[PDB]
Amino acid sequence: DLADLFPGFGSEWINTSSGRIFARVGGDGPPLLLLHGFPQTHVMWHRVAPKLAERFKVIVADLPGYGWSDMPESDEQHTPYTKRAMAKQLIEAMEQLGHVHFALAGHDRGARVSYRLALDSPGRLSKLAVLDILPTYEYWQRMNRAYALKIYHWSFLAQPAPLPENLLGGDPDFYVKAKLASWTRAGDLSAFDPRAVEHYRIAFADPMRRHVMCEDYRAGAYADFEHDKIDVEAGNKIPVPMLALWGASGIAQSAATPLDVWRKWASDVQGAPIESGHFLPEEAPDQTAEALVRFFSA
């Protein structure tokens, strides 16, 4: 029993060469793809998507391997869960809808897909919004004691299988709720809709889903970093107009200033802090939706 948090939205099973993407689709107008992160699903957008759907064709997709999207078989390089592969799959997904040029907002892992998409295929994007991330390269390059402790899961989940999978299995309900709570401003689950939490908890209860998330983070430690590094070293910048939103107490702000980081990565970036923890669309949906509406409309 899982709640429908996007009333009026259709539900699309969208075929790609690497498996189906699940998406809620609502609204009309320019296509806007919304990509969730860890440890969530598309439903994390449930408070923001209705206001975006007032002006956009909003496609709220489960990342490859997440939520209800199919799980491509991974390989030794975790290729299907590299942000490059995920980006290609989502591009293919959008093409199945006739969307070859779209707006894109990603949060967390989906924001990593998003900026990698913008680096690999900038022509696909009219505008890009990333929510509470710095590029994966930057996390790994600023890796120090403080960051290692704060984003320990970047190294923990990247451990070779089945070490994180076995440990996650030790208490999956606790773990997913722990991540959700610990990354909010409040430090508990009160910022979330309980029915959304149920979606995340059921997704996290599936061992195969958890393995995918580890594959995502293994990619994030290896191929994703290597891909980002190539762009840093080649000076490749995102040419799409982009909005960087970060929580005042989110993952990205401490020990940086995300805008001055993203300016290294994008030619044309606007940014603003949102009074929120990591889960901007759920902890501060009105502020997040307003900034997204404003940035994507004109």
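Don't overthink the numbering: it's just position in the shown sequence, from 1.
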Looking at the deposited entry, does 179-187 or 82-90 carry the larger mean Cα B-factor?
179-187
Mean Cα B factor from the PDB record: higher for 22-30, or higher for 38-46?
22-30
Can you pull the Cα B-factors for 108, 215, 228, 76 from the entry and say which is highest?
76
When the CA B-factors of 59, 63, 52, 259 are compared as recorded in the entry, which is the largest?
259
When the modelled residues of the chain are sorted by Cα temperature factor, does residue 160 land in the lowest, middle or highest third?
middle
Is the Cα B-factor recorded for residue 166 in the lowest, middle or highest third of its chain?
lowest
Chain-relative CA temperature factor third for residue 224
lowest
Tell me, lowest, middle or highest third: where does the Cα B factor of residue 127 rank within its chain?
middle
Determine, from the deposited record, the chain-internal third of the Cα B-factor for residue 97: lowest, middle or highest.
middle
